[PDB]
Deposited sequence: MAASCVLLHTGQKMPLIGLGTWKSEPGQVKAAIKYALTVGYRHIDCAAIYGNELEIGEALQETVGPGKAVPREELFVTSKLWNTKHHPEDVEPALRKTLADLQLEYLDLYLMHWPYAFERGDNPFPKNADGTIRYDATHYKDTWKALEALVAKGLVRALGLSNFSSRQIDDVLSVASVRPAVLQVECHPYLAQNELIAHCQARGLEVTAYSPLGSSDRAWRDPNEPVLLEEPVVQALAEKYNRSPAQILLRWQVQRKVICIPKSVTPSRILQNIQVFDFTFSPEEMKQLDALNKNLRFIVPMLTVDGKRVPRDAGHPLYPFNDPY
């Protein structure tokens, strides 16, 4: 309880800062979880596809539960269902594998990672022939019903959506017996998602900003695109407040009640990342940061440098205006 929370429609308190775990590798992730929990983190964001749940599970078993440093009821754990696991028959075995890897009895939030499905099987990136992705045409509404059955089994407290557009979200609500509780999408001053955030508050979904720091060490990247953390306005607010640029980026979000999940393995950065509730931007400063909006998306799935992997798919979420 270093961080403040938001109330989900379920009644669960969701901390406004969580630890991101994308690219924290086995061999380092265990130390990150442990450091983050011990300095006050009560919110971990995970996914099967990140390939580190087995070692995250090792750290959680040591530190969380009856007899341990952290009670289980005070930890918010999120995971996500991968694209190969959209068929109703596969949703439950996928989740139980994640539960086993994590050594958990339940998840607090389970998200649908993408609205489109991949070919069923044990290959996370199944391919053709030409090396393009092999797709499966399971509709996200069918996946959603199968996810609801997990809530009934006590395996998950809340459900939600990742990389869904406003129309996909409303499509899900038209059939939802258990309403999604959270949308997780890319958000920061260059891609402010003001429209989609307003749409979510209308519908009772809370919003989690992924890549809240511009994800500065993503695996390829254009030479010529700006770096969010180097942004002049951000660097000058940093100096004004005696804070780091990352703290500026995160304060902007929690100030509008957007949940953030910054990833770090650096103990000093982990510490500072959750220390965003002791200062406040003036309306005019907020405005400066609201002026940076440029529709710059950093996280787009790519493959085979011999391209944008899914951009051409009919269910690709990023083609609508929001």
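(message) Relative to the deposited sequence, which regions have no modelled C-alpha positions in the structure?
(response) Hole in the chain trace, numbered from 1: 307 to 309.
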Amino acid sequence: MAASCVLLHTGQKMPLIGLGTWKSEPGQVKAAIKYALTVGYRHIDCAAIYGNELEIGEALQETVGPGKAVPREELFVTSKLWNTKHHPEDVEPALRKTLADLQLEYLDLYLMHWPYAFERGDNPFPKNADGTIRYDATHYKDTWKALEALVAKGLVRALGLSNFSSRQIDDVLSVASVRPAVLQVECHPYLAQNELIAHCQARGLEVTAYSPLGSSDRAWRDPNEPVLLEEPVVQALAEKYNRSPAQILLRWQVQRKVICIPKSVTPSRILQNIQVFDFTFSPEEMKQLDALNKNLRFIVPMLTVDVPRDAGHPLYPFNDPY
From here on, numbers count along this sequence of modelled residues.
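(request) Give the stretch, out of 198 to 206 and 214 to 222, with the larger mean C-alpha temperature factor in the deposited entry. (result) Looking at the record's C-alpha B-factors, the answer is 214 to 222.
(message) On mean Cα temperature factor in this entry, is 232 to 240 or 82 to 90 the higher one?
(response) The stretch with the larger mean CA B-factor is 232 to 240.
(message) Maximum C-alpha temperature factor per the entry, among 115, 121, 180, 71, belongs to which one?
(response) The listed residue with the largest C-alpha B-factor is 121.
(message) If I read the C-alpha B-factors straight from the PDB entry, which of 44, 36, 48, 291 is highest?
(response) Answer, based on the entry's C-alpha B-factors: 291.
(request) Would you please rank residue 314 by its C-alpha temperature factor against the other modelled residues of its chain and give the third it falls in: lowest, middle or highest? (result) As the PDB entry reports it, the C-alpha B-factor of residue 314 lands in the middle third of its chain.
(message) Can you tell me whether residue 147 has a C-alpha B-factor in the lowest, middle or highest third compared with the other modelled residues of the same chain?
(response) As the PDB entry reports it, the C-alpha B-factor of residue 147 lands in the middle third of its chain.
(message) By the recorded C-alpha temperature factor, relative to the other modelled residues in its chain, which third is residue 76 in?
(response) Lowest third.
(message) Where does the C-alpha B-factor of residue 153 rank in its chain, lowest, middle or highest third?
(response) Its C-alpha B-factor, which the entry lists for residue 153, ranks in the highest third among residues of this chain.
(request) Just say lowest, middle or highest third for the CA B-factor of residue 192 relative to the other modelled residues in its chain. (result) Within its chain, residue 192 is a middle-third residue by C-alpha B-factor, going by the deposited values.
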